[PDB]
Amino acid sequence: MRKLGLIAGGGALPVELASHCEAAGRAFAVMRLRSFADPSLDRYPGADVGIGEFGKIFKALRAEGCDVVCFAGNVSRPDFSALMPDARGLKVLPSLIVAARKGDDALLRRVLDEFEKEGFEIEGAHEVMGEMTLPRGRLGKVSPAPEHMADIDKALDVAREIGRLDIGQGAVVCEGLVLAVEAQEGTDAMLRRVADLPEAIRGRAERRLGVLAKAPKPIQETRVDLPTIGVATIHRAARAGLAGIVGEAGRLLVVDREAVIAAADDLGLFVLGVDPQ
């Protein structure tokens, strides 16, 4: 996982991105564009730079060891007279004004040419999310078996009806039997209480049965964060003799992706991203 240089313009997108990055445990820093970046970003490591202190931005970008950057947020073309660039900066400035004369698009494009020529890999907001969340389909080497399809389907739309009822975000289904429903206790606790059920209605570590599904509750006016998967999640779900874990393909954060994949792989669990709706 490349460390991210989040270049933050105005609005709520970079803010969401930062939080999700920190939840996923992904490494980053924030380049907060003066007068654009929302102040609730000052809490993250990084730097407050004006446009176009390009010299400064490359400086801090390398200073944080970012090799990939994402540009997220509202930015409008500036005043080119009132601009107070550093000397890098002033070097780039005319190239900008030419492109600017051709339109915002050519201008934005020109800015990116510079970061590429400098040179950092450029990523879009969607791809940043994509790489931290579930994929579509298996995450590790283990796939589900036809036996598990049954539970996978009902694990989810149960876990969704829980969410619709503003309760918890998780549910464990084994052979059609809802064994466990999350609400307020955390997923670890639930997976423990499941390991504790009679092996009769349960899966076995030898022969595994049953599926953990964890799905996000529907959006709100209040900001909404995504459900998460830990390495300890893989641990306890294995100890419950569960066959695998599942969630909506974009809508679930994986904390330490590498580590999670290795637990699931070593223990025989599948982890599955599922097409939303």
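Note that residue numbering begins at 1 and tracks the sequence as displayed.
Between the stretches 155-163 and 183-191, it is 155-163 that shows the larger average CA temperature factor. If you average the C-alpha B-factors over 41-49 and over 217-225, the higher value belongs to 217-225. In this entry, the residue among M31, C66, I234, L242 with the greatest C-alpha B factor is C66. Highest CA B-factor among the listed residues (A125, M84, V172, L197): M84.
Sort the chain's modelled residues by C-alpha temperature factor and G119 lands in the lowest third, per the entry. Ranked by Cα temperature factor within the chain, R26 sits in the lowest third according to the deposited record. When all modelled residues of the chain are sorted by CA temperature factor, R251 is found within the highest third.
Among the modelled residues of its chain, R62 has a C-alpha B-factor that falls in the middle third according to the deposited record. For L6, the recorded CA temperature factor ranks within the lowest third of the chain's modelled residues.
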